[PDB]
Amino acid sequence: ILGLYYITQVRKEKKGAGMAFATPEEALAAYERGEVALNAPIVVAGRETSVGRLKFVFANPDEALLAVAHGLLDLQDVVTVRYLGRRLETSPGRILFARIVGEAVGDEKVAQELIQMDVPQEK
Amino acid sequence: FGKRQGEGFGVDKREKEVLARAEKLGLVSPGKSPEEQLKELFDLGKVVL
Amino acid sequence: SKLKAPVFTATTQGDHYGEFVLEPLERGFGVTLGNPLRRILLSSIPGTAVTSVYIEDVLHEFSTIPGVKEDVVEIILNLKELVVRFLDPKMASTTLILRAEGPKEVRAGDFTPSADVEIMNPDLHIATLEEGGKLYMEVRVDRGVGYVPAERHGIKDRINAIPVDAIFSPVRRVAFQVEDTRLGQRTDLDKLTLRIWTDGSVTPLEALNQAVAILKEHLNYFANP
Amino acid sequence: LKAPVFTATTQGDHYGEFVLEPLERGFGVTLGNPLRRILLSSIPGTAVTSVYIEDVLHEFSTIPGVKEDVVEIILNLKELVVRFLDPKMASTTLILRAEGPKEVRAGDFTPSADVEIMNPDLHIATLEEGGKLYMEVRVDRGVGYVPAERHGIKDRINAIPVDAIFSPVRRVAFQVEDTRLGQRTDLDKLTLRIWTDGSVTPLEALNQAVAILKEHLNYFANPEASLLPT
Amino acid sequence: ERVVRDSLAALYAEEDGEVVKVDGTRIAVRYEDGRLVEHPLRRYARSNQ
Amino acid sequence: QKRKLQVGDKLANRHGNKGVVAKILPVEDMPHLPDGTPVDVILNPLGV
Amino acid sequence: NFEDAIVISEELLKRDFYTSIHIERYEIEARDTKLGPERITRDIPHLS
């Protein structure tokens, strides 16, 4: 358990309030740079997004992971990534659970099924 | 630590990276040199392994 | 001391994957070996991928595209899966030209003929457009090394085109595990198992060979000067 | 792609610092660990494979005039280190002896051919009036940790063998400081400590280490039984 | 420390003097002009467990 | 007889954490500190 | 160390840190019988 949780809990930071938006606050090219130039960190409050939600636009589960290979994020961050057939908010950490389950399950799809794709895993 | 800086070293990527998250975790007081986030933490009875 | 030499087998697939297996090993070595190898497979590796993306009509990964079904962001990811290879021995940079038409289904091969380079996965969804759908596509490509976020280099081929995330790391996924077999009155004898997943580019095998050779050369420095 | 500048800074027999500067990202440990591994376990060491004392039949014995007790004796010997100098030297047998009232300490070992009680001192035993002694301890070229109930020793009778502590490398750590050199900043400055008890030079072992790994590398030569289900 | 003393399995000296003979098999002293006792050291004897 | 440790042997702290052993691991494994020196016993948390 | 297990480092065996000494006591009794008395000599047949 303990294990599975940690890699499927995701994080929540606070050095940033007036964050997200239905319509981009100022911009994206800005929303972000405001990151490499301090204040609100990757994951944090918002009405529709966190820096991560934008800094990381991953294609395969691979990437998202290949990312974690290099000290960019830590499985638990909320990154944008296309899984199977659509765009998903989830963490490199949650996704992995699946595949894990999936593969060794045989059908990477029916897996996703039973799974509760978004929420801390547990007993 | 007086032993380590005395040798000539002083924390490396491995360590900081910890302290990197050690703060995001609030066990460490943010906004303080890597070195301190260590002591701060060290005194917190733990450390990097 | 004793103990003989390992037994190196390999259940290859064809282009991707590869269950390589070395057996005979004295405690520890299992990890010792691998781990670092892994840290090379996924690290410094010779490969290519997209570095920029010009799309006649609208600049901004965050805009809209008439005539088109998908949106910029997607063409991006779809463009990544894409992989090309270099036939020219020292030309670390090429420019590609994609041409759209009315109602069709973009394909990775439908990219500017040209000889010097080779499309490796002709098929790819790429995109698909409605009635009279335009899509010029100056897609710049580089000879990279590992992974360099589209947000570290800042590409500058054109003024209304968008840079992207370079995934030119052939080594797309590599996992191992050191189980321990037996060979005599001994049973805790390291048994390594490596598995490298790769795109249609460079075979996993070589993925390894090149890794070692690298890690190898990377030891000749501990020399005695 | 630069070319690394390796640092030679060792001094005494114990301790040694090596440092490869311009190293591409991540490799900082891709090396510092492997070798670290190799060292701390596969470095050819030496020690007392067995011993022998006067009127002693078993390890659990006492001798008039000695405040120790085989154990106290044995545990002070297991540790002792000896330099072999010669390569031929498959193995030899040291030898000591006590008289009247004095205190024992490694340095008292009767020297010979290619030998060197690298570590003098090492209070081996205590004595007062009328203390016999004389020891025919044995030494060997062996690798790693090796128990006493798994090797046994054939040196006459009452030869209570001993637990061998070979790997002369006692302590090892390594640093990865950020580095200054022509390029991008987020590079590695790979350094590796590595302490050493008499037996050899932190260096040598080092040189022995890199080769070792290398050796194991090549094993990844030409494969066999290939082809996988379709 | 005390536990060890009231247990008696450890060996102490009634009156203060100074040791003369000393080995694994015995310990002779010469207490303050109170003669010279010489208590042996039970070596490797069995318990009950 | 001498008896050292044998995978499985029993041991604990005064604090009531009785715990035997299952894996004697080489000084090559054994999560070590930064200054080289490795730990000894890994005392998982869960049991607390 | 799972559930209540613990890991160890070969290190202690090296230093021979956790070693216990133990003496097992063996005994025997020779009785007086009708089929004869039970002696005890370093002489017993077929023993090589």
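Using only Cα coordinates, the Kirkwood hydrodynamic radius of region D:45-166 works out to 14.6 Å. For chain A, relative contact order (Cα pairs under 8 Å, six or more residues apart, normalised by length) works out to 28 percent.
Take the cross-link list F:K18/G:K14; C:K2/D:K132; C:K134/C:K156 and give me the ones stretching past 31 Å between alpha-carbons. Beyond 31 Å: C:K2/D:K132. Of the three principal axes defined by the Cα atoms of chain F, the extents in descending order read 33, 31, 17 Å.
Distances longer than 15 Å among the Cα atoms of chain E: what percent of all pairs is that? Of the Cα pairs, 55 percent sit more than 15 Å apart. Please label the shape of region C:166-221 as rounded, prolate or oblate, based on the square roots a ≥ b ≥ c of the eigenvalues of the alpha-carbon gyration tensor (a/c under 1.5 means rounded; beyond that, a/b larger than b/c means prolate, else oblate). In terms of gyration-tensor shape, oblate. The mean count of C-beta atoms from other chains within 10 Å of the C-beta of residues in D:120-127, rounded to a whole number, is 1.
Highest average first, the peptides D:162-168, C:100-106 ordered by how many other beta carbon atoms sit within 10 Å of their residues are D:162-168, C:100-106.
Of all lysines in the structure, those lying under 19 Å Cα to Cα from B:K32, and not within fewer than 8 positions of it along the same chain, are A:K14, A:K15, B:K13, B:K16, B:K24, B:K46. Region D:111-161 and region C:37-93 have their alpha-carbon centroids 68 Å apart.
Which residue fluctuates the most in chain D, going by a Gaussian network model with Cα springs under 10 Å, if the choices are D:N158, D:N218, D:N33? So, out of D:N158, D:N218, D:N33, the one fluctuating most is D:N218. Judged by the mean number of other Cβ atoms found within 10 Å, the most tightly packed of the peptides G:1-10, A:16-25 leads the ranking G:1-10, A:16-25. Taking other C-beta atoms within 10 angstrom as a stand-in for reagent exposure, C:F62, C:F111 fall in the order C:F62, C:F111, fewest first.
Working from Cα pairs under 8 Å separated by at least six residues, relative contact order for chain D is 32 percent. Among the listed pairs D:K78/F:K2; C:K4/F:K10; A:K109/C:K80; B:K3/F:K23, those with a Cα-Cα distance over 25 Å are C:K4/F:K10; B:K3/F:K23.
As a ratio to 2.2 N^0.38 Å, the alpha-carbon radius of gyration computed for chain B takes the value 1.08. Using just its DSSP H runs of length 4 or more, each adding -39500 (n - 2.57), chain C gives a mean residue ellipticity at 222 nm of -5000 deg cm²/dmol after division by all residues. When the alpha carbon gyration tensor of chain G is reduced to an equivalent ellipsoid, the three semi-axes, largest first, read 49, 16, 12 Å. When the Cα centres of region F:29-48 and region C:1-30 are compared, how far apart do they sit, in Å? Spelled out, the Cα-based centre of one part sits 30 Å from the other.
Ordering C:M137, C:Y147, C:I214 by the projection of their Cα atoms onto the charge dipole of chain C, which places +1 on the Cβ of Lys and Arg and -1 on the Cβ of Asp and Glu, puts C:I214 at the extreme positive end.
The P(r) of region A:20-105 has a tail past 14 Å containing 64 percent of all C-alpha pairs. Our compactness index for region D:128-230, the C-alpha radius of gyration over the empirical 2.2 N^0.38 Å, is 1.83.
Per-residue mean of foreign Cβ neighbours for D:207-219 is 4 (Cβ atoms of other chains, 10 Å radius). Across every direction, the projection of the convex hull enclosing the Cα atoms of chain C has a mean area of 16.3 nm². Contact order for chain F, expressed relative to its length and based on alpha carbon pairs under 8 Å spaced 6+ residues apart, stands at 24 percent.
In this entry, the protein assembly as shown is assigned a mean projected area of 49.4 nm², taken as a quarter of its C-alpha convex hull surface. Here the peptides B:22-31, D:221-230, C:190-199 are ranked by packing, the mean other Cβ count within 10 Å, and the order with the highest first is C:190-199, B:22-31, D:221-230. Residue separation of C:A115 and C:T128 scaled by 0.36 nm, minus their Cα-Cα distance, works out to 2.1 nm of gained length. If exposed means no more than 13 neighbouring beta carbons inside 10 Å and the site is in a DSSP loop, what's the longest run of chain F without any exposed trypsin sites (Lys or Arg not before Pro)? By the stated rule (loop sites, at most 13 other Cβ atoms within 10 Å), F:19-48. For the residues of C:75-81, the average number of beta carbons from a partner chain within 10 Å of their own beta carbon is 3.
The charge dipole of region C:47-168, taken about its Cα centre with unit charges on the Cβ atoms of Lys, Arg (+1), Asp and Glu (-1) only, comes to about 440 debye. Calculated over region C:105-177, the projected area of the Cα convex hull averaged across directions stands at 7.6 nm². In a simple Cβ point-charge model (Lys, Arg +1; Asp, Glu -1; nothing else charged), chain C has a dipole of about 1160 debye relative to its Cα centre. When only alpha carbons are used to place a centre, region A:71-101 and region E:1-17 end up 67 Å from one another.
Cβ: placed from backbone, ideal geometry, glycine included. Neighbour counts: every protein chain shown. Just so you know, all these numbers are worked out from the coordinates, no wet-lab data involved.
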